[PDB]
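Inspection log for the structure reproduced underneath, given as structure tokens.
For ligands, and for the atoms within them, numbers begin at 1 and follow the listed sequence. Letters A, B, ... mirror the listed sequences (proteins, then strands); counts begin at 1. Keep in mind that the numbers below use all heavy atoms, side chains included, and drop hydrogens, waters and symmetry copies.
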Amino acid sequence: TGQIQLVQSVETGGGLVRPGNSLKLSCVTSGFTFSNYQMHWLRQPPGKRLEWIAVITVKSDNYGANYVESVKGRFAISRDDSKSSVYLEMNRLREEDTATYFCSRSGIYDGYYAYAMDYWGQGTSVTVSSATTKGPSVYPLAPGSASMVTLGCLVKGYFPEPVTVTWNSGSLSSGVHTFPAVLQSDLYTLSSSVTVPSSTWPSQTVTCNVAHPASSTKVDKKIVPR
Amino acid sequence: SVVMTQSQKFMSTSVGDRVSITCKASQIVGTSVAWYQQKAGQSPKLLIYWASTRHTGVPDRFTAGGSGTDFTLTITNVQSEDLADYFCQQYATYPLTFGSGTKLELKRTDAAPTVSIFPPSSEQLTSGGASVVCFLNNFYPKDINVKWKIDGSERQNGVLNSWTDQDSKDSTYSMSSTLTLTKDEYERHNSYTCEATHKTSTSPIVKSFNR
Amino acid sequence: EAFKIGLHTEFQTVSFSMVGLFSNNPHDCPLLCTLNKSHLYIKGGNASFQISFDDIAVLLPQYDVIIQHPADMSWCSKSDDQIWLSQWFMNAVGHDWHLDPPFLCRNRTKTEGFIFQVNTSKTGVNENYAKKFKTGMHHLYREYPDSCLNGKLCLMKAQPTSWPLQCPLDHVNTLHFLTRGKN
Amino acid sequence: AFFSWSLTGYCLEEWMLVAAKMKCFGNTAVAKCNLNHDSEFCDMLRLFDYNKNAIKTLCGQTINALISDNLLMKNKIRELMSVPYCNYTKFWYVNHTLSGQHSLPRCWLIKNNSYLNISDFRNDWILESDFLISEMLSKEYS
Ligand SMILES: *[C@@H]1O[C@H](CO)[C@@H](O[C@@H]2O[C@H](CO)[C@@H](O[C@@H]3O[C@H](CO[C@H]4O[C@H](CO)[C@@H](O)[C@H](O)[C@@H]4O)[C@@H](O)[C@H](O[C@H]4O[C@H](CO)[C@@H](O)[C@H](O)[C@@H]4O)[C@@H]3O)[C@H](O)[C@H]2NC(C)=O)[C@H](O)[C@H]1NC(C)=O
Ligand SMILES: *[C@@H]1O[C@H](CO)[C@@H](O[C@@H]2O[C@H](CO)[C@@H](O[C@@H]3O[C@H](CO)[C@@H](O)[C@H](O[C@H]4O[C@H](CO)[C@@H](O)[C@H](O)[C@@H]4O)[C@@H]3O)[C@H](O)[C@H]2NC(C)=O)[C@H](O)[C@H]1NC(C)=O
Ligand SMILES: *[C@@H]1O[C@H](CO[C@@H]2O[C@@H](C)[C@@H](O)[C@@H](O)[C@@H]2O)[C@@H](O[C@@H]2O[C@H](CO)[C@@H](O[C@@H]3O[C@H](CO)[C@@H](O)[C@H](O)[C@@H]3O)[C@H](O)[C@H]2NC(C)=O)[C@H](O)[C@H]1NC(C)=O
Ligand SMILES: *[C@@H]1O[C@H](CO[C@@H]2O[C@@H](C)[C@@H](O)[C@@H](O)[C@@H]2O)[C@@H](O[C@@H]2O[C@H](CO)[C@@H](O)[C@H](O)[C@H]2NC(C)=O)[C@H](O)[C@H]1NC(C)=O
Ligand SMILES: *[C@@H]1O[C@H](CO)[C@@H](O[C@@H]2O[C@H](CO)[C@@H](O)[C@H](O)[C@H]2NC(C)=O)[C@H](O)[C@H]1NC(C)=O
């Protein structure tokens with residue numbers, strides 16, 4: 001047989017859902033007899049450790065399933081052996097279910113069946129939030145005082161992630177530091193810095209280019225000296 | 001639930017050294033332990049199972065041991081490709097639980113932060129807000145403390161701090177601090193100071209602005 | 001094979017076929033076969049177990065089902081054949097449900113699979129039990145390849161398996177299993 | 001309470017032997033099997049006969065009426081003491097080719113998973129070949 005492959009997907013809609021709605025993840029496999037292996041669903045929340053969610057076994061054991069306590073009654077793991085696929089239906093979603101979800105396979109180890117995962121899916125980001133899509137507000141950061149000069153670009157009040165920040169359409173690459181976004185009041189905030197020579201600025205124009213695809217926002221902010 | 005404790009969140013090393021990541025279970029789990037590697041939050045990679053058996057395809061740089069509650073993953077002759085996150089897992093009882101994780105970073109010579117303070121923009125003041133920014137770029141090690149002095153008084157209400165991971169080229173870290181006040185409270189005062197404390201110098205590095 | 005002892009008398013042989021003995025009967029009789037030094041097998045009814053010996057504690061007393069009385073094995077499996085074969089095996093090896101240490105099985109609600117584990121380690125306070133078990137295995141398996149060394153940890157695990165179609169048929173093992181199985 | 005499967009010229013079917021060809025043993029020899037519980041050959045014959053009966057008329061309820069428990073225990077103890085023992089598989093007998101009279105087959109013992117060399121039990125088939133002659137002349141005189 002060929003390459004072992006496990007590819008996840010969202011059956012209906014995208015990974016962004018509101019609190020209270022449903023969501024069905026799927027995971028299709030190839031390269032092994034799917035009907036002979038037990039399949040698991042797990043999730044990794046941002047900042048928190050990996051959590052086991054569910055397991056489903058084979059036909060010999062009547063497609064039995066086991067769940068963690070927090071998802072019992074809300075989640076349902078299923079499998080279609082004819083399509084070599086495993087599915088996780090998630091109902092009554094809460095903001096605490098925001099995580100990267102994984103399907104995984106468990107096999108036999110040293111001659112004994114155990115729940116160590118030997119193959120994983122690529123991951124499906126799932127965000128449960130009641131925040132509304134809004135483009136960002138871009139503010140330039142210039143120093144008040146007059147070899148190397150560091151300038152900035154502040155991107156505040158946007159949802160959802162991500163936003164793409166560049167400096168002069170990518171011309172300025174060395175000396176650029178873009179920091180991870182932080183969530184406050186259900187809106188995201190980001191800062192970017194660029195270090196250009198005293199010859200480059202303010203003699204030549206330095207402009208940060210911010211792109212938010214969800215709101216279709218393309219902003220070019222030139223940093224003007226104080 | 002069984003708690004798999006990895007007390008070292010980060011661990012630095014150099015190419016060629018030998019590194020040892022530990023894991024401690026809150027309950028006795030025998031040898032029902034697996035070790036996994038993960039990069040950039042992507043799909044994890046099975047490395048060790050039954051506490052001491054290496055998975056097929058894993059280089060022989062990875063070994064592991066332990067039985068009961070104390071388990072240890074050892075990487076001899078570390079390579080650049082081995083820099084990643086590593087975590088343990090027990091499968092002795094439901095629910096399966098994993099360790100918090102240990103990020104393996106690259107050891108580097110010390111560097112001091114470049115501090116730069118930025119007053120709020122005029123466009124932001126028009127919108128009723130005022131964000132004072134402070135960049136601290138390219139430092140090593142990552143252990144830094146940042147304080148804010150508004151007219152001398154130390155402020156902690158409104159601080160938003162964002163840290164970046166170790167850069168792939170210079171192996172340094174960077175950080176941004178942001179004070180989000182209203183326009184009125186911003187105009188209430190005159191001087192703003194960003195103070196940094198790093199082990200490169202005992203004197204805290206200060207960058208301030210007026211008006 | 002044959003040869004002549006005199007000119008009128010002759011030495012001759014006759015060999016029985018175990019294929020015909022175990023194929024032309026409708027009674028489901030237990031099969032005990034030794035495939036190699038590390039893997040033993042036992043079939044009974046619709047149940048079939050691979051028996052192995054190593055230092056891996058697949059089960060732990062804190063998390064798995066402790067078996068102290070045959071009835072306790074109701075939680076080990078959903079197939080009555082597996083429970084009955086496990087009880088019959090533990091009876092045949094000579095396990096005393098009254099005075100011997102309890103053994104372990106996996107709860108049937110867990111989905112790893114059926115399995116049961118006996119300490120069998122020939123060390124310390126277990127050494128008497130480990131001896132008796134050994135003796136039992138010498139009666140149930142002809143030329144029993146003992147893998148449990150002295151002073152070492154050697155837990156036995158029995159788990160479901162497909163019967164090896166290439167395992168030798170030995171009826172002496174079945175006879176010993178049927179005779180010792182009485183209780 | 002005799003509790004011994006009576007056999008009652010006994011011929012062995014093709015599926016019973018590795019020779020894949022029927023083999024008949026005289027009445028005088030199989031008559032010794034009746035109520036004799038120190039012959040592995042008779043125990044094997046009783047097992048095969050009980051099986052052939054059952055597929056015409058759940059396992060191991062009448063086992064002690066087919067095999068001798070003490071003989072099985074003896075052979076197991078001999079295996080464990082690293083001396084030759086019986087595998088209940090191959091059996092040998094002496095046959096007077098002229099008249100067709102033969103002895104009751106005895107077990108061909110094994111040691112270290114190998115059948116004993118013939119010389120290593122010659123005293124057995126010499127003695128047997130003696131007794132056979134003795135019981136042929138006793139039949140001729142009757
Ligand atoms: C009681 O004890 C006796 C003696 O130990 C056993 O008899 C032996 O049984 C084994 C199997 O348990 C037999 O081994 C097989 O023999 C084949 C060759 O046999 C021929 O050649 C030998 C001499 O070399 C003659 O003695 C014999 O009569 C035959 O003419 C091989 O083909 C086998 O090897 C292959 O087996 C499998 C088949 O699927 C393959 O997958 C393997 O890879 C391998 O190539 C095998 O070795 C042995 O021949 C028997 N000896 C005899 C009859 O003298 C009894 O079986 C035992 N009774 C029990 C256990 O109930
Ligand atoms: C199957 O049975 C076997 C044999 O009974 C059993 O293995 C033994 O387990 C015991 C524990 O029950 C081990 O006892 C240890 O032995 C040595 C002396 O030989 C001591 O060092 C130990 O005590 C010290 O160390 C402990 C470490 O945590 C401390 O807690 C303690 O305070 C002491 O400082 C301890 O008594 C014994 O070594 C093993 N033997 C072997 C050969 O492994 C096994 O656990 C059973 N298996 C099961 C039930 O699955
Ligand atoms: C005793 O027999 C068992 C059972 O295996 C079966 O019988 C053997 C005699 C052979 O004919 C086998 O092909 C047959 O299936 C043997 O167990 C098997 O051992 C092999 C080799 O060690 C194992 O293969 C390895 O398995 C791991 C995990 O999959 C991989 O890392 C390796 O790539 C390799 O394939 C195999 O898993 C194992 N099978 C079972 C069911 O246990 C056993 O080795 C044998 N012992 C001796 C001493 O001969
Ligand atoms: C065998 O297991 C059942 C089920 O246990 C639950 O599921 C397991 C997979 C595992 O996650 C356990 O921790 C779960 O409790 C046990 O029966 C349950 O017992 C619990 C309390 O222990 C009770 O709340 C449930 O209602 C019970 N469920 C049922 C269906 O009866 C059972 O006790 C276990 N057997 C033994 C011998 O331990
Ligand atoms: C003892 O030897 C005799 C003589 O070889 C065997 O009887 C012969 O069997 C063949 C068929 O195999 C017949 O064709 C002959 O006519 C028979 N000769 C007789 C009866 O004198 C006899 O089978 C042997 N006995 C055993 C138990 O093997």
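- The nearest protein atom to atom 17 (O) of ligand 4, hydrogens excluded, is given as C:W75 CH2, 4.4 Å; this is a heavy-atom distance.
- Under a 4.0 Å N-O distance rule, the pair A:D61/C:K78 qualifies as a salt bridge.
- When distances from atom 2 (O) of ligand 5 to the protein are checked, a heavy atom turns up under 4.0 Å.
- For a threshold of 3.5 Å applied to N or O pairs, the pair formed by D:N113 and ligand 1 contains at least one separation below that value.
- Between the side chains of C:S38 and C:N36, at least one donor N or O sits under 3.5 Å from an acceptor N or O.
- Atom 55 (C) of ligand 1 is flagged as protein-proximal [any protein heavy atom, distance under 4.0 Å].
- Per-atom contact check: atom 13 (C) of ligand 5 does not touch the protein, criterion being a heavy-atom distance below 4.0 Å.
- For atom 49 (O) of ligand 1, no protein heavy-atom neighbour is present inside the 4.0 Å cut-off.
- Only side-chain heavy atoms of C:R142 come within less than 4.0 Å of ligand 1; its backbone N, CA, C and O stay farther off.
- Residue D:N95 places at least one N or O, backbone or side chain, under 3.5 Å from an N or O of ligand 5.
- For the atom pair C:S52 OG and A:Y112 OH, the distance stands at 3.0 Å (nearest 0.5 Å).
- Shortest contact from atom 10 (C) of ligand 4 to any protein heavy atom: B:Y94 CD1, 4.6 Å.
- Relative orientation of the D:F91 and C:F16 rings is perpendicular, given thresholds of 30° and 60° on the angle between their planes.
- Heavy atoms of D:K23 found under 4.0 angstrom from ligand 5 belong exclusively to the side chain.
- In this structure, atom 25 (N) of ligand 5 has a protein heavy-atom contact shorter than 4.0 Å.
- A salt bridge does not link C:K4 to C:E10: none of the charged side-chain nitrogens sits closer than 4.0 Å to a carboxylate oxygen.
- In this structure, atom 8 (C) of ligand 4 is in close contact with the protein, since a protein heavy atom lies within 4.0 Å of it.
- Inside a 4.0 Å radius of atom 60 (C) of ligand 1 there is at least one protein heavy atom.
- Shown here, atom 1 (C) of ligand 1 is in close reach of the protein: a heavy atom of it lies under 4.0 Å off.
- Under a 4.0 Å heavy-atom criterion, C:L169 is in contact with ligand 1.
- Close approach to C:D170 involves these atoms of ligand 1, each under 4.0 Å from a residue heavy atom: 59 (C), 60 (C), 61 (O).
- Remark: atom 4 (C) of ligand 1 lies closer than 4.0 Å to at least one protein heavy atom.
- Less than 4.0 angstrom separates atom 13 (C) of ligand 1 from none of the non-hydrogen atoms of the protein.
- Within the listing of ligand 1, atoms 1 (C), 2 (O), 3 (C), 55 (C), 57 (C), 58 (N), 59 (C), 60 (C) sit less than 4.0 angstrom from a heavy atom of D:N87.
- When C:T111, C:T109, C:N107 are checked for heavy-atom proximity to atom 38 (O) of ligand 4, C:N107 turns out nearest.
- The backbone of D:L98, and not its side chain, has at least one atom closer than 4.0 Å to an atom of ligand 5 (non-hydrogen atoms only; backbone = N, CA, C, O).
- Taking distance alone, with nitrogen or oxygen atoms compared against 3.5 Å, C:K110 stays at or beyond that limit from ligand 4.
- Remark: C:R108 is positioned above the aromatic ring of C:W75, its terminal NZ or CZ atom under 6.0 angstrom from the ring centre and at most 45 degrees off the axis.
- Checking atom 35 (N) of ligand 4 against the protein gives a heavy-atom contact under 4.0 Å.
- Taking OG of D:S39 as the start and CE of D:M44 as the end, the distance is 11.0 Å to the nearest 0.5 Å.
- There is a protein heavy atom less than 4.0 angstrom from atom 52 (C) of ligand 1.
- Both the sub-6.0 Å distance and the 45° axial angle are satisfied by D:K90 relative to the ring of D:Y115.
- Residue-ligand proximity, D:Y93 to ligand 5, at heavy-atom distances under 4.0 Å covers atoms 26 (C), 27 (C), 28 (O).
- For atom 20 (C) of ligand 5, the protein comes within 4.0 Å by no heavy atom at all.
- Atom 7 (O) of ligand 1 has its closest protein heavy atom at D:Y115 CE1, 4.0 Å.
- Considering backbone and side-chain atoms alike, D:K90 places every N or O at 3.5 Å or more from each N or O of ligand 1.
- Under the 4.0 angstrom criterion, atom 26 (O) of ligand 1 counts as lacking any protein heavy-atom contact.
- Shown here, atom 10 (C) of ligand 5 is out of close reach of the protein: none of its heavy atoms lies under 4.0 Å off.
- Annotation for ligand 4: atoms under 4.0 Å from non-hydrogen atoms of C:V65 are 36 (C), 37 (C).
- Electrostatic pairing of D:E13 and D:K52 counts as a salt bridge here, judged by a charged N lying under 4.0 Å from a carboxylate O.
- Classified by interplanar angle (parallel below 30°, tilted 30° to 60°, perpendicular above 60°), the ring pair D:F48/D:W15 is tilted.
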